[PDB]
Amino acid sequence: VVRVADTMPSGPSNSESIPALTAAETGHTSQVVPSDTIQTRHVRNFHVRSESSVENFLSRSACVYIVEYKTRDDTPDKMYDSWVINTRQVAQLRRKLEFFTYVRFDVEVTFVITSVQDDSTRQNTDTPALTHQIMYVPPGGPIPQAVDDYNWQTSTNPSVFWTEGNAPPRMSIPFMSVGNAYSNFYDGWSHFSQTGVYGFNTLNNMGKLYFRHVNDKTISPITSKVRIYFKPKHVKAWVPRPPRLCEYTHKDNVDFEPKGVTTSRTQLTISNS
Amino acid sequence: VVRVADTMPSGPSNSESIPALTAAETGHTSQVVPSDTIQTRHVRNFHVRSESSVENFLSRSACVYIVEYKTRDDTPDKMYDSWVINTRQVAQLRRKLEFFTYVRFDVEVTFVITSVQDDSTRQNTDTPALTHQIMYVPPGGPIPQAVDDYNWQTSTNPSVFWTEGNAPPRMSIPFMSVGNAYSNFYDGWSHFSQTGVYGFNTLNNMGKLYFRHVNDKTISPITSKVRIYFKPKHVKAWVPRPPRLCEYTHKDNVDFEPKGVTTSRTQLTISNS
Amino acid sequence: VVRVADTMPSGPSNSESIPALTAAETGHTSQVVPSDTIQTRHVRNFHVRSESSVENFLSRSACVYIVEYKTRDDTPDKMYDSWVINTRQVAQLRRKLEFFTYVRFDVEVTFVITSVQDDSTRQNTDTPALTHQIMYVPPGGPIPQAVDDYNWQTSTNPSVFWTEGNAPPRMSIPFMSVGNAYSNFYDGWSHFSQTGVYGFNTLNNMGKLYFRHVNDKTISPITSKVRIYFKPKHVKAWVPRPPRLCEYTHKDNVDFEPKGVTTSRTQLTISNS
Amino acid sequence: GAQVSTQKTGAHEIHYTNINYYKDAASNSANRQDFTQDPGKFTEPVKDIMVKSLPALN
Amino acid sequence: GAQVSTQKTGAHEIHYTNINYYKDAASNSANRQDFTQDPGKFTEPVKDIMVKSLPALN
Amino acid sequence: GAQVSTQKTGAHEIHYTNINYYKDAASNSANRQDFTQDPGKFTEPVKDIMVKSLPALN
Amino acid sequence: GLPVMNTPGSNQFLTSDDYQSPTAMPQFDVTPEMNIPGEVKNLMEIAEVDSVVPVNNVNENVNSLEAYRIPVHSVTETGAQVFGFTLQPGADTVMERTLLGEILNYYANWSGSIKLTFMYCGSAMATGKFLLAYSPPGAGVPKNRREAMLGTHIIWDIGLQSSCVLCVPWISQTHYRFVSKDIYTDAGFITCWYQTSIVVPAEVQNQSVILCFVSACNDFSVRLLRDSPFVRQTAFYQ
Amino acid sequence: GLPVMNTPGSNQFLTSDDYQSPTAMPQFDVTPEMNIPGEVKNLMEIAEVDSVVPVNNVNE
Amino acid sequence: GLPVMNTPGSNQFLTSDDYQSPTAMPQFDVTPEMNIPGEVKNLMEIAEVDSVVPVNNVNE
Amino acid sequence: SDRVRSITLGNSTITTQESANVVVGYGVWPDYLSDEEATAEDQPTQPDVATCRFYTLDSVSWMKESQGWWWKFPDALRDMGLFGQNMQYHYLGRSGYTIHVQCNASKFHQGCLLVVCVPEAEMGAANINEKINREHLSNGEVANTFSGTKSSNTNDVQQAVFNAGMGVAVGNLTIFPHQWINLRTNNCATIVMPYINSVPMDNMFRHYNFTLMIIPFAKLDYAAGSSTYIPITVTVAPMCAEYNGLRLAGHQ
């Protein structure tokens, strides 16, 4: 229970104390309460800065990447589908996380899967319930190479089985950074000769996901689309920064084109027009 | 535990005290107990005014608007369907809320969805379970423009996913008025020159809902119909008013045609006929 | 709550105490802390050896054997399918258990069943939900001989009924070894004349599983595939051994082909190349 | 964190269980046991209150 | 092993139930009741702090 | 019949609930909080133990 | 078993959940926590920091640093309008891209007082006084200086103290406002005015530059989350 | 798990429910409450107020 | 009954579970435990034992 | 009064008579690594006299039309004395800083600078998918320079004053430790910046910790008889320096 500050009463004054005059040339942000400019009354203000906390601002489920993969095709790479784990491919969740320089959050993942029946000659089938497998793979793990390859066995790796017709799956992920905070910004190279790649990409190292259909070769292909919703919680954030003005270009850098700082007025002085 | 008042005993009286004579010319409503007209006995009455409280009278689920939208058509506006949030389109819930001038209630919304298969050449399909998305949008939010437009992502907005074959969804909504009470009546304009619109409509500002099918382009269109049931609770109401006599005309005003005050008798004095 | 050891401070020394010189010719493993070679500072190290315990290392669900059996065929042995219970047919779970010589663990079994519709002329059926029966059989029990044989009745034996569309089944199994520990290694014969079989196989004696479809002769065959996931817990292990270098050959022995001890360097001394 | 109160039953012929689950007040159940009333501001809206025995603006 | 704390309700007009189930801390719910703040290291980032009455680097 | 113990959380920055349901011990959950160790029978497997300061079989 | 029955609300995913979900990798040895300086626990600590408003956004000065300069110079008589702008932190074309404008573009219903701060970046020998008014609505925009001084104003002088503070108080019907452009809640009309001209001695340039800063007072608040109207993407960022 | 079995009555919507449903926007900073004169807590306070009866309702 | 509603996460199998499952053969008379010498309770007791490195791995 | 400020660090002393204040970062004064955050185990070298001292970088001029400057600051002191040597021979380095920027002008001059110390200022390239060379993000003590227009050079940093290189709104760039050198009152600007990083001890060649940005808002306007060349001089000094992991020389 923490309220905002109230308003103290004031009166007619003639003093050498000057709240209006300050030195903005020192970087000190002035602290003038409205009780020092005009004659403000007593206000018992009960506003609570509740829904502006760093926990409340970022703990909303946001999409990161759509994954599309069918259950039977002609090529083995259009069946299952993988994804390298990153939060920097959709500008909303990325732009909300790029207020800060370093953050420390646990991730709570929720998958939402929809199945679209493709068009063919024999669409009138009696199709049983589909099944989905989502195998997390740590950095350096084995590479699945087919829908029937024996690397999908999960002797150790985290996996989840879902059947269409239930609530969507949900699992939590603890803090997995090897440093102390997920670096949304890293100004440096990879090689110690100041060469290689420039990122922002040297410190991703999150691993990758994999998707496949557990069911066998069906007699009708079904386009599956799964949506990943990250939901951070227990959030601590440090050393903030202003948000991004220009639009994004890619995921592995910060590059852009220059944008005008705002939209023009075509006048400079307001009037009744 | 609050009972109604009992009956006190009375007897033969000859007094200057006159309960029968009162001054209705002052606006004072007279307070004559039946123990002051005739000789009433002792009655231990155990009636409790239970199911007439303002909480009990309005906390019933009532429909507000039917929403109809198909899963595949030729035009993109007949797929998903939106609705601007208002309680003044069905005369039952509106007429029950228009006893009062100002009310303060939390809303508990329940959606009821039915799917009707349309007529076509190829109705013999093997259709999986449908999925529905209901994205709340605050006033000024982004405008969804297709069933595949990327504004349906819900990076912040409230949403709900339902699969046909379960209990209907239910969510609560807290008190969202910017004033202190939902104004069922506002006698005023919008512009400060006493112009613009006259309402009753200047103070709606509730936001709007959106509906779509999460599933892709099916090979058979299915007409979906969702019913919204508001259910208020924790209700406090002030400064009442008599109910509405004439029938309603629109949603954005109070306009009507004159109705006779009741139905005639064709006599004035009762008899054995 | 058990931490790792910290670092004690050290300084410039000139002593007859020699941590660097030890006698490795006695089998004693030397115990030199880094505070005895160079001048190490004070380090308050908060590492906890948590996820390296013998409980945490082996209590992961791992596949052992895939079982494939159809619901109608021409031969009675391609319908139901049995399996003799052993953990030594997949090299991952086997190689993780072959750190040790003797272990004592309870088994927690989870079956994952998928149904693939076969190809025929009349695949457009209206198929109800499949049902599966998994009858454990102790060593010496009755032999099921058909899908309609009356040995599937389970007057005493453990069984489980599953219907497709739910969470996968799970049951626990207590410690069933007749000795005191599951012998992953037994150097000996079966006959007391040092003849017979050599194993590793004389002490398996675990019983066998059976699978069948409870449903009758369907009008379309459906290929069923069930995966068995052992998950040990409450684990105590004794007298360890180094892991296996060469690849495996069979399940009933330890036989192999010689493998090179590592991959060559083609140099012996490192440099800037 | 339990709350016990009486059920609604008639005269001349209970103690249910209520646990508050969700982290808000808009999730709390409908308070359908408020029987309080006061018809003192819809009847008698007056200064110089009547007695019912005096002739009431004589 | 129960914990009772107040719900979030407005001024001038509770005690829910929380039981910690899973064996980790990454399963604990989001701590959405931290209202604490201190704008002392984004405003006043200074040595020789101002008074607001003195002429402030005179 | 409840048991309360601490969750696993890191240093410098709980009390979950466990109720034993089924009538056996093979249904009890995995005891994944045993951090105890003793490298005294894989290192130092010896009689006449070393000192690390003496020349160690001089 | 146990007699339980579901409610309407079972088997749905909601964005604002607070329900305990199981971990995927148990007993995870979390790396320790480090005392990093400059910790944010509330975005309102960020919103109350001074930041420069692009006031001069007139017909391609936004593609440059020119947009932050408010020009001011010696006039012939007195009493002209240097700049002036509506008070809509989130729906303006002036304070739209400032830090207060960005944070309020992530919100919908706000309240509280707003500080402006005016650094004077002219020469060290020129003086001049400037009327910094605030006109609450109901009337229009004050067209001359006589109509401007009938609101909340301040008369600011240029001396050693180069920066002023116009602390706009809170005069409102409702408790909270709206971020979006609407008619029911309008705020006020800042309009700056020459109290005197700029007297400058010889061998000094005539024209100078005033800057503007913006922040929030002790009782500033925001209420509803939403998406900001600045995110305009088409496809994914492969 | 926990041994539970449903009853006849599960998965239905009823008009007169009194069951606790989750909020859609948590931690919502509710606007304060104001003492408005003329509060109704029972419709029986409204029903006991004098009001005029249209007695002479004879043929238009 | 009892008012309960599922969460996203119901009806899934995960590799790292710690949930109590019923036994298949109850009241099982477990064979006694024996004090075997050389007990491992942590693999870090095994990892801190000296072992020989194949250093000279040059071309067969 | 408090306009006269002195700073003594080792064997180099800055005395200014028209200072403004000292902005101490985000409130936290520089400090050595306390052993609750200790990661590595060998003893570090803390010189404290031959390292914690003021090093002067190159001086740049400010005409009427100059647009800006930026310096990377674990890299611009690559070859400044024993801070440079103890940068080279080690592997991990931790140090605070103390920025001081000299720039003087008479009373008949006007203009205003902006001295912001941005951590982790990762800059975008001029072209969209081009690799930046190392000799354009930094040049050591040789200052880089913003371009006010839309810069479109090859292998070059995106030079635009209305984006500050990172694509942020440059008016909103005052959340960091900032001071305003308005030329009517102030002689210099002082920023004591502590070491903000996600790792306790980091390398000092692979990582660019932060970027000091001087961006003029009010241009250097003056009469037709005053002195044209008005330089800008920057001199910083590390604080609480320590070095971990001595190894052979070089960086590759």
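Order of writing sets the labels: A, B, C, D, E, F, G, H, I and J. Residues in every chain begin at 1.
Just so we're on the same page, contacts are C-beta pairs under 8 Å (C-beta built on N, C-alpha and C of every residue); 3 or more make two chains touch, one makes a residue touch a chain.
A.B. asks: With one step meaning two chains touch, work out the least steps from chain A to chain D.
C.D. replies: The least step count works out to 2.
A.B. asks: What's the rotation angle, in degrees and to the nearest 5, for a C-alpha fit of chain H onto chain I?
C.D. replies: Roughly 145 degrees of rotation.
A.B. asks: So which of C-I, A-I or A-H is the twin of B-H, meaning more than half of its contact pairs are the same residue numbers?
C.D. replies: The pair repeating the interface of B-H is C-I.
A.B. asks: Have a look and report which chain pair racks up the highest count of C-beta pairs in contact.
C.D. replies: Maximum number of inter-chain contact pairs occurs for A-G.
A.B. asks: Looking at mean CA positions, which chain is nearest the middle of everything shown?
C.D. replies: Most central by this criterion: A.
A.B. asks: What is the distance, in whole Å, between the centres of chain A and chain C, each centre taken as the mean of its C-alpha atoms?
C.D. replies: Computed value for the inter-centroid distance: 38 Å.
A.B. asks: Just curious, how far off is chain H from chain D if you go by their C-alpha centres, in Å?
C.D. replies: 14
A.B. asks: Quick check: how many Å separate the C-alpha centres of chain D and chain E?
C.D. replies: Centre-to-centre distance between chain D and chain E: 37 Å.
A.B. asks: So the centre of each chain is just the mean of its C-alpha atoms; given that, what is the distance between chain C and chain I in Å?
C.D. replies: From the centre of chain C to the centre of chain I is 10 Å.
A.B. asks: Which positions in chain J touch two or more other chains at once?
C.D. replies: Where chain J meets two or more other chains at a single residue, that happens at 20-21, 23, 25-28, 36, 150, 162, 169-172, 175, 177, 180, 182, 185, 196, 198, 200.
A.B. asks: Which residues of chain C are in contact with two or more other chains?
C.D. replies: 29, 46, 48-50, 53, 56, 60-61, 112, 166, 168, 172-175 - these are the residues of chain C that touch more than one other chain.
A.B. asks: For chain G, what residues touch not just one other chain but two or more?
C.D. replies: Residues 2-19, 21-34, 36-39, 41-42, 44, 46, 48-51, 54, 62-63, 67, 97, 99, 102, 119, 160-162, 175-176, 221, 223-225, 227, 233 of chain G each touch two or more of the other chains.
A.B. asks: Okay, in this complex, where on chain G does chain A touch?
C.D. replies: Touching chain A from chain G are residues 10-13, 15-17, 21-25, 28, 30-34, 36-44, 46, 48-51, 54, 56-63, 67, 81-86, 93-94, 96-97, 99, 102, 106-107, 111-113, 115, 117, 119, 140-141, 143, 152, 154, 156, 161-170, 175, 189, 191, 213, 215, 217-225, 227-228, 231-233, 236-238.
A.B. asks: Spell out the part of chain C that touches chain J in their complex, as residue ranges.
C.D. replies: So the residues of chain C in touch with chain J come to 7, 34, 38-45.
A.B. asks: Under the stated contact criterion, what part of chain G meets chain F in this complex?
C.D. replies: Per the stated touch rule, the residues are 26-33.
A.B. asks: Applying the document's contact rule, which stretches of chain I touch chain F when the two form their complex?
C.D. replies: 18-23, 26-28, 30, 37-39, 41-42, 44-46, 48-49
A.B. asks: In the complex, go through chain G and note every residue touching chain I.
C.D. replies: So the residues of chain G touching chain I come out as 2-7, 9-11, 13, 19, 21-26.
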